[PDB]
Structures are given as structure tokens and as C-alpha cells.
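Peer 1: Shown below is the structure under consideration.
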Amino acid sequence: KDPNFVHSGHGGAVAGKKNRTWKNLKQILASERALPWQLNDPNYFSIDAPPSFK
DNA sequence: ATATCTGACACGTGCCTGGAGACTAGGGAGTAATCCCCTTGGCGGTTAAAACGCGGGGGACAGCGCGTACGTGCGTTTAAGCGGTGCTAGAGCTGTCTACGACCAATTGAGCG
């Protein structure tokens with residue numbers, strides 16, 4: 001039977017003009033910028049490859 | 001044969017078009033102050049988006065018949081020149097008044113309380 005019969009409200013709402021989905025990726029890599037990041041970090045903004053040099 | 005003609009062939013001055021010089025002074029170009037703008041970007045009441053089951057009617061015939069085409073008849077159409085002669089623009093000139101200049105009032109936008 002069901003792995004659970006009741007479930008949490010993880011961030012999506014029951015009702016409103018608000019989502020049922022959580023924040024999409026474009027809002028995540030925006031809102032994550034407010035944190036105390038440093039020059040040595042595994043920061044997901046920094047991993048996208050550079051432009052082609054030739 | 002001859003009179004005298006039609007180029008040869010040029011500088012006369014007219015007209016206006018058209019250029020460059022030296023001036024004022026109108027206005028364009030350089031700039032901050034600063035505001036307020038085009039713009040970036042999350043929010044949820046509202047409609048783009050596509051099935052299923054279905055209503056409105058698109059679709060292809062047969063053939064009736066109120067109009068449509070040809071293209072010649074025949075008498076009515078405009079053409080056509082060139083008479084007179086009033087209109088018509090040129091154009092020469094006012095004789096002002098009318099719209100555009102020079103001096104300064106009612107009404108507005110800006111400042112913030």
C-alpha cells in the first residue's frame with residue numbers, strides 16, 4: 001500500500017494566484033545570491049563554461 | 001549676267017543664375033543636477049490551448065429559364081475650320097489694413113508644507 005497516507009506542504013500552496021510546484025530554477029539561482037558565498041565555494045553560478053576563445 | 005540673298009562667327013548688353021566674402025548675433029553644442037523612466041521581474045484571476053460528442057450546414061448534382069452575350073441598321077452623334085471679338089494676364093501702381101513687430105498685463109507651473 002501507499003509509501004505514506006499523509007504528506008507535507010513543502011512550499012506550494014493549497015490555493016491562491018501562488019504556485020503548486022515550488023520556485024522554478026530561474027528564481028532559485030536568483031534567490032540563492034543573498035547567502036554568504038566566498039571565492040573558494042562550489043557555487044552553482046560558477047560552473048557554466050566560458051565563451052569560445054577562437 | 002545680275003540684283004541681292006543667307007550664312008559666318010563675330011562682340012553689343014540685356015536678363016538671371018549663381019559664388020564667395022566679412023559682418024552680426026541667433027542658436028547650436030557642451031555640461032551638471034537630478035529626477036523620473038524604461039525597464040527588470042514575481043503574482044494567480046483569467047483565457048489560449050486541444051480532445052470527445054455532436055449541431056449546423058458544406059458539398060456535387062440535374063436542368064429550368066431572366067439574362068447575357070454578338071455585330072449590323074439607320075439616324076443621330078461629334079468632328080472640323082475659321083469668321084468675329086470678349087476674355088484674359090500682363091503688369092504698372094497705388095492706397096492703404098492687415099498680419100506681423102515692440103512694450104508689458106492675467107494666468108500658469110513650481111516649491112513643499
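Please note that chains go A, B, ... in the order of the C-alpha cells, that every chain numbers its residues from 1, and that ligands are numbered from 1 in the order shown.
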Counting only C-alpha atoms (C1' of nucleotides), collect the residues of chain B whose closest atom lies at most 12 Å from chain A, and write them out as a list in words.

Peer 2: residues 41, 42, 43, 44, 45 and 46 of chain B

Peer 1: Using Å and a single decimal, report how far CA of residue 12 in chain A sits from CA of residue 26 in chain A.

Peer 2: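 These two atoms are separated by 16.5 Å.
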
Peer 1: Based on the backbone DSSP call, show me all residues of chain A assigned helix (DSSP H, G or I), as a ChimeraX atom specification.

Peer 2: /A:25-34,44-46

Peer 1: Applying 12 Å and only C-alpha atoms (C1' of nucleotides), which residues near residue 23 in chain A remain after dropping the ones on its own chain fewer than 6 positions away? List them as a PyMOL selection string.

Peer 2: (chain A and resi 10-13+29-32) or (chain B and resi 42)

Peer 1: Deliver the residues from the most recent selection as a file, using C-alpha atoms (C1' of nucleotides), as a short mmCIF file (atom, residue, chain, number, x, y, z; two decimals), in the first residue's frame.

Peer 2:
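Produced file selection.cif, reproduced below:
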```
data_model
loop_
_atom_site.label_atom_id
_atom_site.label_comp_id
_atom_site.auth_asym_id
_atom_site.auth_seq_id
_atom_site.Cartn_x
_atom_site.Cartn_y
_atom_site.Cartn_z
CA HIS A 10 6.57 21.64 1.03
CA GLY A 11 6.23 25.23 -0.35
CA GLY A 12 3.43 25.06 -2.98
CA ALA A 13 0.05 26.39 -1.69
CA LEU A 29 19.72 30.77 -8.92
CA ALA A 30 18.48 34.35 -8.30
CA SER A 31 17.35 33.96 -4.64
CA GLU A 32 20.44 31.86 -3.72
"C1'" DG B 42 7.08 37.80 -9.13
#
```
